[PDB]
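Below is one structure, written out as C-alpha cells, with a few remarks after it.
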Amino acid sequence: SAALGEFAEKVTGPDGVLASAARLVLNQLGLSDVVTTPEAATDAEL
Amino acid sequence: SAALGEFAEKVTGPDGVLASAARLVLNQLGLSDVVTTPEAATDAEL
Amino acid sequence: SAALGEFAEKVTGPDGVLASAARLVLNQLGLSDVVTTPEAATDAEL
Amino acid sequence: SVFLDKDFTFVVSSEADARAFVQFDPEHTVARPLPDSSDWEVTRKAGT
C-alpha cells in the first residue's frame, strides 16, 4: 500500500547510530527503578 | 597537566552526532514538567 | 505531486554532517569582504 | 544585555539594515551582499 517501506529501514539505522553513540557518552537508558511512585503510593494509601 | 585535552574534544563531536540523530527519531529531551512531584508534595503536605 | 519529499530531508542531514565537519577542519565559510571588487570599481571609475 | 560567546547563525537582511549592523559591531559583525537577491547576510561573531 505505502511505498514508505525503505523509509522504515532508514529510521532503524540512525537508531543504531544513536544507541551506539549514547553508550560512548555513558548516557544511561532504562534507569527507572522503584523509588518515588510506590513511596508516594504508600503515602497516598495512608 | 593532563594530555587528555583532545579527548575532551572527541567527546563533544559524537554528542553533536547524538543530539542531531536524536532529533530525527523525535526522541524528546527536556520533557520534565510540573506533574507528579508537586501533587505528591501537596498530598504529603496534607 | 512529487514523492521526493523525504529525499529533501535526506539532503538536509549530510549538510549538517558537512557543516559540522567543516568547522572541525577550520574551513572558513562566508569569508567574502570588501577587498578586491570595489578597489577595481574605484579603478574602473577613474 | 549579554555577550555572545560563539558566532551566531547568519540571517537575511536588507542592504540598508545590514550596513547599519556594521556600524555598531564592526569588528564583531559580518555582512555580505547575496549576488542573486541583492540582499545581505548578517552574521554576529563572538564578542557581540
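Residue numbers (the authors' numbering), protein chains in the order written: chain P, 1983 to 2028; chain D, 1983 to 2028; chain V, 1983 to 2028; chain B, 2560 to 2607.
The C-beta atom is built at its ideal place from N, Cα and C for all residues, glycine as well.
Tell me whether residue i is buried or exposed, calling it buried when 16 or more other Cβ atoms sit within 10 Å of its Cβ.
i: residue 2000 of chain P; result: buried
i: residue 2570 of chain B; result: exposed
i: residue 2580 of chain B; result: buried
i: residue 1985 of chain D; result: exposed
i: residue 2590 of chain B; result: buried
i: residue 2003 of chain D; result: buried
i: residue 2026 of chain P; result: exposed
i: residue 2577 of chain B; result: buried
i: residue 2017 of chain V; result: exposed
i: residue 2601 of chain B; result: buried
Look up residue i in the DSSP assignment and give the residues it is bridged to.
i: residue 2570 of chain B; result: B:2601
i: residue 2607 of chain B; result: Residue 2607 of chain B pairs with nothing; no bridge assigned.
What does residue i touch in chain D if you count any residue whose Cβ is under 7 Å from its own?
i: residue 2000 of chain P; result: 2000, 2003, 2004, 2007
Which residues in chain B sit within 8 Å of residue i, going by Cβ to Cβ distance?
i: residue 2012 of chain V; result: 2569, 2589, 2591, 2600, 2602
Identify whether residue i lies in helix, strand or coil by the three-state DSSP scheme.
i: residue 2022 of chain P; result: helix
i: residue 2590 of chain B; result: strand
i: residue 1997 of chain P; result: helix
i: residue 2012 of chain D; result: coil
i: residue 1985 of chain V; result: coil
i: residue 2028 of chain D; result: coil
i: residue 2622 of chain B; result: As shown, chain B starts at 2560 and ends at 2607. That puts residue 2622 of chain B outside it, with no answer to give.
i: residue 2006 of chain D; result: helix
i: residue 2576 of chain B; result: helix
i: residue 2565 of chain B; result: coil
Taking Cβ-Cβ distances shorter than 9 Å, what residues in chain P pair up with residue i?
i: residue 2025 of chain D; result: 2022, 2025, 2026
Near-chain A residues of the stretch 1984 to 1999 of chain D (beta-carbon distance less than 8 Å), N- to C-terminal order:
Absence of chain A from the displayed structure is noted, the protein chains being P, D, V and B.
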